[PDB]
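Below: one structure, written as structure tokens.
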Amino acid sequence: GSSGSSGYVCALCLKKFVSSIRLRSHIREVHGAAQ
Ligand SMILES: [Zn+2]
């Protein structure tokens with residue numbers, strides 16, 4: 001995982017999450033970042 005901390009943070013809205021999956025999926029739900 002990441003170095004230090006207890007969670008992962010959005011690069012867009014700077015919100016914190018319990019996991020890298022909870023972060024990855026947040027971006028698709030509200031920032032709409034597709035492929
Ligand atoms: Zn965000």
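Residues in the structure tokens are named by chain (A, B, ... in the order shown) and by number from 1 within that chain; ligands are numbered from 1 in the order shown.
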For this session: Tell me, as a PyMOL selection string, which residues lie within 8 Å of stretch 20-27 of chain A, counting only C-alpha atoms; anything in the same chain fewer than 4 positions away does not count.
Result: chain A and resi 7-10+16+31-33
Those residues with N, CA and C atoms, as a PDB file, in the first residue's frame please?
```pdb
ATOM      1  N   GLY A   7      -5.153   5.622   5.345  1.00  0.00           N
ATOM      2  CA  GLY A   7      -6.067   5.746   4.204  1.00  0.00           C
ATOM      3  C   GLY A   7      -5.461   6.468   2.993  1.00  0.00           C
ATOM      4  N   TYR A   8      -6.253   6.583   1.927  1.00  0.00           N
ATOM      5  CA  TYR A   8      -5.873   7.106   0.604  1.00  0.00           C
ATOM      6  C   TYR A   8      -6.709   8.346   0.246  1.00  0.00           C
ATOM      7  N   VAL A   9      -6.170   9.292  -0.533  1.00  0.00           N
ATOM      8  CA  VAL A   9      -6.805  10.605  -0.783  1.00  0.00           C
ATOM      9  C   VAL A   9      -7.009  10.889  -2.278  1.00  0.00           C
ATOM     10  N   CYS A  10      -8.156  11.484  -2.617  1.00  0.00           N
ATOM     11  CA  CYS A  10      -8.499  11.991  -3.946  1.00  0.00           C
ATOM     12  C   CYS A  10      -7.489  13.043  -4.431  1.00  0.00           C
ATOM     13  N   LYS A  16     -10.489  11.975   1.807  1.00  0.00           N
ATOM     14  CA  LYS A  16      -9.836  10.737   2.281  1.00  0.00           C
ATOM     15  C   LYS A  16     -10.788   9.533   2.353  1.00  0.00           C
ATOM     16  N   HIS A  31     -16.562  12.303 -10.182  1.00  0.00           N
ATOM     17  CA  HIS A  31     -15.710  13.060 -11.119  1.00  0.00           C
ATOM     18  C   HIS A  31     -15.794  12.508 -12.558  1.00  0.00           C
ATOM     19  N   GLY A  32     -16.389  11.321 -12.728  1.00  0.00           N
ATOM     20  CA  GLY A  32     -16.696  10.694 -14.019  1.00  0.00           C
ATOM     21  C   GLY A  32     -15.491  10.324 -14.897  1.00  0.00           C
ATOM     22  N   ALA A  33     -14.318  10.075 -14.306  1.00  0.00           N
ATOM     23  CA  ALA A  33     -13.092   9.752 -15.042  1.00  0.00           C
ATOM     24  C   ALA A  33     -13.142   8.336 -15.652  1.00  0.00           C
TER      25      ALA A  33
END
```
Just the strand (DSSP E) stuff from chain A, please, per backbone DSSP, written as an mmCIF file with N, CA and C atoms, in the first residue's frame.
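Now in out-v8.cif:
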```cif
data_model
loop_
_atom_site.group_PDB
_atom_site.id
_atom_site.type_symbol
_atom_site.label_atom_id
_atom_site.label_comp_id
_atom_site.auth_asym_id
_atom_site.auth_seq_id
_atom_site.Cartn_x
_atom_site.Cartn_y
_atom_site.Cartn_z
ATOM 1 N N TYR A 8 -6.253 6.583 1.927
ATOM 2 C CA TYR A 8 -5.873 7.106 0.604
ATOM 3 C C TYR A 8 -6.709 8.346 0.246
ATOM 4 N N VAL A 9 -6.170 9.292 -0.533
ATOM 5 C CA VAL A 9 -6.805 10.605 -0.783
ATOM 6 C C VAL A 9 -7.009 10.889 -2.278
ATOM 7 N N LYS A 16 -10.489 11.975 1.807
ATOM 8 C CA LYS A 16 -9.836 10.737 2.281
ATOM 9 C C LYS A 16 -10.788 9.533 2.353
ATOM 10 N N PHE A 17 -10.233 8.341 2.127
ATOM 11 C CA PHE A 17 -10.919 7.050 1.997
ATOM 12 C C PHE A 17 -10.163 5.921 2.712
#
```
